[PDB]
Amino acid sequence: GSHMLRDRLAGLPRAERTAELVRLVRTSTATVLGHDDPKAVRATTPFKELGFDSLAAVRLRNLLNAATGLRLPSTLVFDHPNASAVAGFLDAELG
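Just so we're aligned, residue 1 is where the sequence shown starts under the deposited numbering, counting upward by one.
Given below as structure tokens:
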């Protein structure tokens, strides 16, 4: 109906989920830079290059919060070389 939304959220497969969070992570990531340009990301892009450290590293984690439910690890933007990774760390956090 509609309320089933959630059910669908936690009802989607890992793939779709990853392919979903990824897309978000990508846009979100680039968003942290203060720009809506995904062309500046390919999932497997260098986060460090993207311009992530602490503020930009948190700004993303802050948004990613609405993409996972938690505050994500402060190292998330450290152990993750690219978004493709973030998708994982987040997935593992979702699983």
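Each residue gets a CB set at the ideal place from its N, CA and C atoms; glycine is no exception.
Taking 8 Å as the upper bound for CB-CB distance, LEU60 and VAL41 are not in contact here, some 12 Å apart.
Burial check for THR75: the Cβ neighbour count within 10 Å stays below 16, so the residue is exposed. Cβ neighbours of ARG71 within its own chain (closer than 6 Å, five residues either side excluded): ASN65.
Looking at the backbone, the Cα of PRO46 and that of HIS35 are separated by about 17 Å. Of all alpha-carbon atoms in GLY95, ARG26 and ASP37, the one lying nearest the alpha-carbon of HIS80 is that of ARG26.
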